[PDB]
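One structure is given below, encoded as structure tokens.
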Amino acid sequence: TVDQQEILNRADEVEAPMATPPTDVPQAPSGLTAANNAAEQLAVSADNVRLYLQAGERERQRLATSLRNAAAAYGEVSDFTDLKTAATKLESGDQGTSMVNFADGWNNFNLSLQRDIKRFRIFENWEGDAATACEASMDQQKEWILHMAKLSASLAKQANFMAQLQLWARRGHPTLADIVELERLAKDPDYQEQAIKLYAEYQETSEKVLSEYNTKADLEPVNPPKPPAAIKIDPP
Amino acid sequence: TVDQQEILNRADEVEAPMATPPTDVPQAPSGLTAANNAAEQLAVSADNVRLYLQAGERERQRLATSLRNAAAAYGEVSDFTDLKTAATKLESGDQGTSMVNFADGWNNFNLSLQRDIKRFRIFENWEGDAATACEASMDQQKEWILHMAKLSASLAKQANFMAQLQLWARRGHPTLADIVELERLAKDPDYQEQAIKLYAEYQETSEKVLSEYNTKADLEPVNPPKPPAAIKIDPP
Amino acid sequence: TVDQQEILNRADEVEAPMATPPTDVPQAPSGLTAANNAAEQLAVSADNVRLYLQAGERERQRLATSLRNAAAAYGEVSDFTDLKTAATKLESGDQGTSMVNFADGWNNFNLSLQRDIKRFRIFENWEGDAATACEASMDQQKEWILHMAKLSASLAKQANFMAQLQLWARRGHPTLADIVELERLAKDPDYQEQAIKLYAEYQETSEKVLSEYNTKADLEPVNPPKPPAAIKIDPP
Amino acid sequence: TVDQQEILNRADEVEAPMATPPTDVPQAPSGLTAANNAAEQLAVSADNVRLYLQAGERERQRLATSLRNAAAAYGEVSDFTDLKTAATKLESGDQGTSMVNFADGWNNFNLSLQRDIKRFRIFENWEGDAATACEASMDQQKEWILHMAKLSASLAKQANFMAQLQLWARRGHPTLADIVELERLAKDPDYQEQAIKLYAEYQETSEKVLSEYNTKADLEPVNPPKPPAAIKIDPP
Amino acid sequence: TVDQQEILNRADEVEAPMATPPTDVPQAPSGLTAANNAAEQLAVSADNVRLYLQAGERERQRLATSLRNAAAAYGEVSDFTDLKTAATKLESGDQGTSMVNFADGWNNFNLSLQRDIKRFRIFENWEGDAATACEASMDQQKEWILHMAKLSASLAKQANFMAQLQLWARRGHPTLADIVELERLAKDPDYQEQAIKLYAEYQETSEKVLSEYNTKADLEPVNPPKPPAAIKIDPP
Amino acid sequence: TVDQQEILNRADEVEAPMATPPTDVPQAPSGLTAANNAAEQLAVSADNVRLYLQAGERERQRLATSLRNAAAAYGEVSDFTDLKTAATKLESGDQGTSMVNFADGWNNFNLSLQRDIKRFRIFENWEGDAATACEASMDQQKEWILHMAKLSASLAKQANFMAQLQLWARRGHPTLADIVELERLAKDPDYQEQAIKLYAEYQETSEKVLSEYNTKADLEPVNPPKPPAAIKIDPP
Amino acid sequence: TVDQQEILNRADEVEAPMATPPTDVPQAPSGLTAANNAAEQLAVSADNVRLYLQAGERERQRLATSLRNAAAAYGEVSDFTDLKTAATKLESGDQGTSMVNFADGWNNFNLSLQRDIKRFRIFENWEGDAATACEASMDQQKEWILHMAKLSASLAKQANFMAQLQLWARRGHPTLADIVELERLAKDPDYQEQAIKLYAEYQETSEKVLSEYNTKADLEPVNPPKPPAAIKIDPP
């Protein structure tokens, strides 16, 4: 006939908790202002993704309620200070370890969302109009979940990008020790022919690296779409 | 039953003031005419963004009013003068510090708008047609707010671009001191073989740098979309 | 109740004169035929923009009339002659100063149009169907004004482009003095081995520069869209 | 009241003759077959543009008639022979002067069409449904005229392109005199080591230049859109 | 009144024969298999274009009949054998002369179709609904004719492409005489150090040239659209 | 009157057999696994094309039946083993001859389909609604046939691509004989300085060639569209 | 008449089991974290594809049921530890053999799905509305199956990509043995001039290779579309 028990089991399965998203807060990789902006952009994007996940959770409760109603349809139930400032900022911070932890957490969440779309599979023994409509609704929830996983992945991708940017800038930029060297070796009045040249070259490379850093550390915000409305089935 | 108190609390939350946008006026980085044009373009774009923010504020008041009405639905409640002119203009101004302050303010505003979309989350305990319609309206307001944050970001991005352009032009262009040097060292009649060559090279590089400056300092205007109309719910 | 005085004040504000567009006529930067074509294209585009501005002015009068009617709804109220020709033309004219004056005027007009969209802001105290419709109409006028400002900007951009093209061609092309030199130094029969070589090189570079000049001096016409029709509100 | 005289004056203004298009027939720049094809393509495109201009003239008469009817609505009123052939063809013809005359004429026509859209401006003192409809019709005619001017411009652009192609090919291709030289200097049996090399190089460059010439001289046809139908207003 | 004679004259003009398309059959430029494929592709495309031209001819007869009916509405009326094979094929055939004759014929047809759209011009003295509809139908026929001319042009363009490909391959590929030379000079046992090197280089260049030849000689088919249906006007 | 005999003749012509597609099975050019995959992909694509050709044959029978009914409407009728493995596989197989036979067959089929669209030409003496509808149906069949010919061409193109890939890989990859040489010349303990270098270079080039081979030998599947449904005309 | 037996045979043919998809689980090619992520992404994508294949199987059962009903319609029926860590991870794992086994299995599945669309061919002897509708439904199932085969192919393609990435990284990155060498040869205090240079170069190349590895090992998820609903035919 009609297997109400299959429908009830599927209703409990569809609103079971999914994976818990990460909650760690990523810190700025360095002391540069663009780095702090990037870290704050990531934190805000993470908060917004968590918020929309709670919205999806509500949609799944409503879908489970509709399934239970559908089941009940059957039966009863030259000074160096600019260079020194740039270098000091660049070598401060944690150099990206918290970014990597952030990215790992969000990649894990990506994968664990992807593993959890079994709960939206089609029914074995249920058929008819209500079953078709509920399957369409579960399919929509599945699509939204996959989109959310993709957003989680893009979040982790941006965090990894920030970590690699920090490394690239750190090996492309004159060290604080090199700047202290160049300054002192400019305190002696025999090398000027060389030190002044080196100062100009450092100051060049520094402006160049920092311009690269400032533009590439401008992260896109992540806005999650709201989950599609669950199908509503009133109690009999 | 129906939690009117949740709706009233959400109505007060949705029309609470958001972050205040920055009001500082960015100055031209140099004395060049294109720089002044760019600064004025930025000032006008900032004014226009502030104006549309006031429009969005009105839409949020109307949305709060509609929520209060919906709640009441339940119960009672060769001369060097061209070179000298070019250099003098290029080294005048504040060299972009007010642009950087402008950009910082607008990036902060970007982030603080992004942090303030909690006020548009779905309802916990409210359901039905009015709740669905009000959620759709809040979702629209949220979308508009995110677009406005994106425009704020683009504003700050343009200001940062102007600051970097000023630096690039300043290290790519012969100094006023170098021009005074070249002129004087051309006042002595032994070096002509060299000074005339150097004059032509300077004048080349100067035209080149200034053409770059004039085209890249042509900033796009920013026109904000008007906020979507709030849903209207009449009093019972 | 309903503030008729706000509506009447807004009606007077919306049809107040806007900035006056520039009327100066840009001259050809040189004697080349493509330069004259470019100057005439600019003059025609400027005339067409001014014409459409008058159209927009009429639309704003009609909008003000509709607002006054809406207010009344409440209560009572080898020879060198080709080279010598090319050079002589290239060094004639004003070399682009009138183009720069033209561009400055049109950039100023761009900015002053952008500053004048306050007159289309939403109403504070007016609400209902007529207010919504009038706000939509003002929004349309605002959009058209911003498009017109963008066209003004593109006009100034083209004029600046012509000035820079004139400079580029002038420093890329052999001078009239250099051609007179090469000719005379070819009047003596000892240098032929050199002068004939130099003549061919000049004639090369000249064809090259003039082909560049002729294609890049082909300016797009500017056709302004007509302003959207104002909303019509009949007197009561 | 209603100014019939304004409408009648505008009716006479809208059907006044516009500029006369050029009628000169462009000749092939050289003797090459692709050049003759290009000249014939240009002649056909010019004929087709002139034909559609006559169509637009009829539409303007009909529009003027409709305006007069609308006014009456108010009151009473190794051998060298392949090289020698290629060179002989390339140096024949007029080398592009008639192309330049053609292009000048069509650029003048472009500009003079652009200057003649005043006749489609909105009305000062006429209003209502018929006025709106007639303004829409005049706007359509204006759009068609601007498109026709753009086509005229593209026609002149192609003619200029053909002239520049002729120059480019002429300075990129071995002269007839150089070929006669190479042949004769190959009649003496001491230089073969050199002349045979030079023959192969000429024959290379010649095939190369002629392939370039043949593909770039393949001109797009110009098909004018027919003018939009004038609005029809019957006599009262 | 109504000029029936104009309509009848236009009916005879519209169904007069147009230019006759060429009927010559293009031969393969060489003995290569890709060349034979290309020639057959061209022959088939030419046949298909001729077929659709006959279809258009029928549409013009029907249009003329409809015009006559509309008129009657008023009143009564290392071995070298792979190299030797490649070279022998490449130097066989007519080397592209029949391709050039084919292309000339089809370019002439292109132009003569373009010259023959006068027969679709608007009417001078005929007006009303039938005239508008017949003008729309003639306009459609004109559009189809222009598309057919464009297809004829593309046909000639492909034939010219094949001829140029044959030339390019012939001067890029080792001659049969050079291969006989290399073989014989490899029959003597003193040069091996050189001949074996040269054999490998030839065999390289030969594979390279033939791969180029085989891919570029893959011609697109030409499918003509069928002509739009003529408007049908029944006899009175 | 109405020529039924023309319709009956066209009905017999439209369902006459078309060309028979090739049935030969293409073998893998080498022993590489990607080559076997490519050959199997080609075999499957060929089978699928043959299947859809049978579908089109049924559609043509139905169209002929509809034509006969329409006619009846009138009257009565370092070890070297990875290198040795790679080389041994690369030099096995038939090196692409069966691919070339396959491609020839499918190109012939392409052309012979293109030659066989006469059977869908418009009618001479048949007119009216049924004739128009049957012509539209024949036009659709013609379009499908041209698409099928294009798919046949793409099939042959892929086979040719595989043959050229086999040649490219074979001359870009160290021979089995060269690998046996390098190994043995590494069996003697005097050359190591050289042989080890050569081994690394071979192993490099081999990985490089095989990666190229594996990615380019990944062939797209060919899915034919089903033929459009024939028009149905019931018997009178 | 109507061949019910053909329909019943086709119903049994359409729901016969298709090929069984592979079930092997691909392991990470190395010890890098991105490699583990890639392997897990592949495993999840494989699981999701298998799930949708089960969905398609249900659709084919329903289609077979509808066919049986349609049949019944007729009758009764400087330390080195970062380098040492990087190298140790890179050389761990199986270096991609399980990826290659995975890819082979999924390519086989691709091909075997492509070979199994005979079951959706059109009917020989069945005609009418039900036959047309069932053919459309089978065509849809065929389209879905081809899309699923394409997804299987993309799955195998990604696995092959991971294997090639592992090889590329392994020959682009300093060996663990080379790092042990460089460290020890830095334990002796005579070579520093060289070893320190080599350490910096290794550390460079290592960061470079690992950044490449981490970004290219970021695999797209594969989301299969759900199969189109089978046509429903109720029993008579």
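As a basis for the values below, the full set of heavy atoms in this structure was taken, side chains included, without hydrogen atoms, waters or symmetry mates. Residue numbers begin at 1 in each chain, while the letters A, B, ... track the order of the sequences.
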Under 4.5 Å from a heavy atom of chain C, the part of B:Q41 involved: both
Nearest-0.5 Å distance, CG of residue B:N223 to CD1 of residue C:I117: 8.0 Å
Between B:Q203, B:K226, B:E207, B:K232, the one whose heavy-atom pairs under 4.5 Å with chain C are most numerous: B:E207
Under 4.5 Å from a heavy atom of chain C, the part of B:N214 involved: neither
Value rounded to 0.5 Å, distance of CG in C:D104 from OG1 in B:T33: 5.0 Å
Residue C:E124 excluded, over 12 heavy atoms near CD under 6.0 Å: no
Salt-bridge criterion met for C:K157 and B:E220 (N-O under 4.0 Å): no
Derivation and outcome, salt bridge (charged side-chain N to carboxylate O under 4.0 Å, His left out), residues B:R62 and C:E127: CA-CA 11 Å; B:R62 290 178 180 195; C:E127 201 171 7; 3.5 Å; yes
Heavy-atom neighbours of C:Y74 OH exceed 12 at 6.0 Å: yes
Within 6.0 Å of CG in B:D129, more than 12 heavy atoms from elsewhere: no
Pairwise distance CG(B:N37) to CG(C:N108) - rounded to 0.5 angstrom: 7.0 Å
B:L51 CG to C:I122 CD1 distance, which is reported to the nearest 0.5 Å: 8.0 Å
Heavy-atom side-chain proximity of C:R115 to B:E40 below 4.5 angstrom: yes
Greater than 12 external heavy atoms within 6.0 Å of B:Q194's CD: no
Donor-acceptor contact present, side-chain C:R121 to main-chain B:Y52, <3.5 Å: no
Nearest non-hydrogen partners of C:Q164 and B:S211, listed with the distance: NE2-CB, 4.0 Å
Pairwise side-chain contact, B:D47 with C:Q114, heavy-atom cut-off 4.5 Å (strictly under): no
